[PDB]
Amino acid sequence: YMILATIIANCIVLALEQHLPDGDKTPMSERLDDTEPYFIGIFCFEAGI
Amino acid sequence: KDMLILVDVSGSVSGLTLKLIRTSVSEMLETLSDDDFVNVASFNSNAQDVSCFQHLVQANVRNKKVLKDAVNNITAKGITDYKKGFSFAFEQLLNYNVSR
Ligand SMILES: *[C@@H]1O[C@H](CO)[C@@H](O)[C@H](O)[C@H]1NC(C)=O
Ligand SMILES: *[C@@H]1O[C@H](CO)[C@@H](O)[C@H](O)[C@H]1NC(C)=O
Ligand SMILES: [Ca+2]
């Protein structure tokens, strides 16, 4: 259920993104981009288990 | 006046917004007389002059045309930074070496 929780967390992070045309990006998209390593680490740890 | 038109040519203004911004800057320049001094700056994570002018120049027909051409030749790209742009604006309005 913790793996489930991180899956819904990642889905909400993905749904929270916004896209601007020519390389512009929102002030909150940086935070969403920094939150990725936690998700990839949890997925790798689960795969290792 | 002593204008300084900060145009926000960042990524998020591509398409219709940039068209309206360049038309609006042209129509804003068309309300400046020969007693008025104006420059046009543009910022996207870095603020720069849009034209060959480095300071506030008189708003006569020739200078207004140069600024209009520079604004018409402008493109949108990059992340916004409202601090490096207003710093440029407030610095160019603190120049007293030039005629004003
Ligand atoms: C001005 O126009 C010329 C010709 O279209 C272009 O090569 C140049 O990059 C333009 N200036 C700027 C600052 O983009
Ligand atoms: C104006 O002139 C002074 C001395 O000539 C110089 O130090 C300064 O950098 C010039 N420019 C501005 C914007 O003050
Ligand atoms: Ca922007």
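Residues numbered from 1 in each chain as written, not as in the entry; some residues may be left out. Chains lettered and ligands numbered in written order. Part of a larger assembly, values for the part shown. Heavy atoms only, no water.

Its PDB header names cryo-EM as the technique used to obtain the model and reports a resolution of 3.0 Å.

Chemist: Account for the overall build of chain A, with residues named and values stated.
Modeler: Along the backbone of chain A there are three helices and zero strands. When the helices and strands of chain A are placed in sequence order, the string is α-α-α. Seen through its C-alpha atoms, chain A measures out along the principal axes to roughly 40 × 15 × 15 Å. (Helix = DSSP H or I, 4+ residues; strand = E, 2+ residues; numbered from the N terminus.)

Chemist: Which residues make up the side chain of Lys64(B), and what values go with them?
Modeler: Residue and element names in this part refer to chain B. Relative to the helices and strands, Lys64 resides in helix α2 (residues 61–72). Of the buried charged residues, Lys64 lacks a salt bridge, with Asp34 as the closest side chain of opposite charge at 5.6 Å. Setting aside residues no more than four positions away along its own chain, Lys64 makes contact with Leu29, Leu32 and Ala59. (Buried < 20%, exposed > 50% of the residue type's maximum accessible area, 1.4 Å probe, protein only. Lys, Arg positive; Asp, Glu negative; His and termini not counted. Salt bridge = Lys/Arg side-chain N within 4 Å of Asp/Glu carboxyl O. Contact = heavy atoms within 4.5 Å.)

Chemist: Which residues make up the interface of chain B and chain A, and what values do they have?
Modeler: Taken residue by residue, the interface counts nine residues in chain B and six residues in chain A. Between chain B and chain A, a total of about 510 Å² is buried, with carbon and sulfur atoms accounting for 55% of that surface. Viewed at the interface, chain A and chain B are joined by zero salt bridges. Summed over the shared surface of chain B and chain A, the result is four residue pairs in polar contact. Its residues placed into classes, the side of chain B that touches chain A shows two nonpolar, six polar and one charged. (Buried area = accessible area lost by both parts, 1.4 Å probe. Polar contact = N/O pair within 3.5 Å; in protein donor to acceptor, adjacent residues only side chain to side chain. Nonpolar A, V, L, I, M, F, W, Y, C, P; charged D, E, K, R; others polar.)

Chemist: Give me the lowdown on the packing of aromatic side chains, citing residues and values where you can.
Modeler: Residues and elements named next belong to chain B. Scanning the entire structure with this criterion turns up two aromatic pairs over all chains. With 5.7 Å between their ring centres and 65 degrees between their planes, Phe43 and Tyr82 make a pair best called edge-to-face. Here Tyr82 lies in helix α3 (residues 82–92) and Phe43 lies in strand β3 (residues 40–43), a separation of 39 residues in the sequence. With a relative accessible area of 3%, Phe43 lands in the buried category. Note on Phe86 and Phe90: the rings are 6.2 Å apart at their centroids and 35 degrees apart in plane angle, and the pair reads as tilted. Placement of the pair is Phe86 and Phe90 together in helix α3, with a separation of four residues, close to one helical turn. Judged by its relative accessible area of 41%, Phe86 falls in the partly exposed class. A relative accessible area of 53% places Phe90 in the exposed class. Positioned above the aromatic ring of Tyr96, the side-chain terminus of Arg100 is 4.7 Å from the ring centre. (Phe/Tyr/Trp six-rings, centres within 6.5 Å; stacked < 30°, edge-to-face > 60°. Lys NZ or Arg CZ within 6 Å of the ring centre and 35° of its normal.)

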